[PDB]
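Presented below, as structure tokens, is a lone chain in the form deposited in one PDB entry.
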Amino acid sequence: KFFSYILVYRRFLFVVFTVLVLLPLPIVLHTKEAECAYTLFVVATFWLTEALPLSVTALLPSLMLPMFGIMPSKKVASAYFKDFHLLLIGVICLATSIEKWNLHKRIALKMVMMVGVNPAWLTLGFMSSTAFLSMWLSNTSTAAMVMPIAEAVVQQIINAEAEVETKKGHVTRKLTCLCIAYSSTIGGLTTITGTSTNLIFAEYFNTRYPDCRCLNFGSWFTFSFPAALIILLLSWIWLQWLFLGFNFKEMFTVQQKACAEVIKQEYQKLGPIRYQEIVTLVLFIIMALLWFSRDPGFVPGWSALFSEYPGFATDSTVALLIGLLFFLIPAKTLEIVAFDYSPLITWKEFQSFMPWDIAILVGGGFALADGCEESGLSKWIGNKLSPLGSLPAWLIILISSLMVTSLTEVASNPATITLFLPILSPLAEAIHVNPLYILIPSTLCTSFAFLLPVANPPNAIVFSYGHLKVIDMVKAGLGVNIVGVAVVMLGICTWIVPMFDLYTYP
């Protein structure tokens, strides 16, 4: 009876318990920087296990930081909405129009009819298509662009799986939705301009080491692509082992032919292409073209036209420019022709399907990361790393890499690299080592953020579709993170040494 009453109110007692058991941390230590650490720990605890909704926990920094006095409440709110959110709004305008006019169904049906009958080949194609798309545009962009296409397939197959007749259905969508989530190992790891994380490292290295010109397009690709391709293959194998069954004989019947017949029957039921779908594709192509042609890295883009105020027109402005066009392009006239036309999507359909959860969730991560920088916590973490020069060589690289992938879980990737790079680059110079030997494993491991939300906004976009179980991706994340880290260390010691001369002092 009494023990049962504790079990039913697990969340209420746990929330109270963790606050009071962590409560000695602020009062003790003379209230210097443990307040930020206490706030970081309690928010992280509520993120690992769902004691509170994920978006609700993101609003906790708006409470603890002002009361603790780390930063004013006015500055906390300003950190909630940032450049990523404008990018999210613009893409969702296109995403809403794709679903509203059944453009996703036509694309999914066309994809299935051509190839991809066996489920194992679907996730292989999904990873390859998303990773190659993530090669040029962005990790954040490619996550929200193919996700409406990706879901259209897996909801399609389960509907066609009836064959004129349920745990298999849910595990399949968790796998494929996570395939795009983890399809970032090629998104900027292999290209200098793929993500802003490596861009910060590249511009910093040129600034502080003008003499060195090794960091250039064609030299970053020639070593990362063989390395990053390894993660993609083992991630496919590991995800196939964790979800569904992994049998080697399956990849190398009546149900297959029956599924093909019903799939092709549905495609004919859709009929000819419609005007609304064509316009959505046209805006889809233009949005991708402008993102790719902004900063290709080898030929100047349209940013050279605006080469007077640098950094003012980011990728989010492109998303908004094409995204807001969906609210004023005519769709269907309202033959009386009584009053007026209708736009492609009205705001009512945009208010729904809009990940307001992610906007608050990612905002909490930005505010929590900003609070860590305002308080003397990030500097304290860097200070403890300084007495580590006595270690031979390979240790430090492993220590930093595991440390890099751990502190990027609660902070954005650009913030994490900018913090550590100054801590790390000097450590490098002090020892007689190539400063590069330490920077490359650190900057490459920043992108490896596969645990929890807020760590990587591509992961956050995945949470927006309702299959937001954190325990599933935490279990999958450790497998990918260990695989991702291990391949990096294998690359550093074996393949990356000879061309940049990692043993010799530059």
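Numbers for residues come from their place in the sequence shown, where the first is 1.
There is another form of this protein, the form deposited in another entry, and it is not shown here; the text below is about that form.
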Inset, instruction - Take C259, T222, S303, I200 and report the one at the hinge of the rigid-body rearrangement between this form and the one not shown. - result: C259
Legend entry - Relative Cα spacing, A44 and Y182, in the other entry - shift of 3 Å or more: farther
Inset, instruction - Can you tell whether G479 sits closer to or farther from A37 in the other entry than it does here, judged by CA atoms, where the change is 3 Å or more? - result: farther
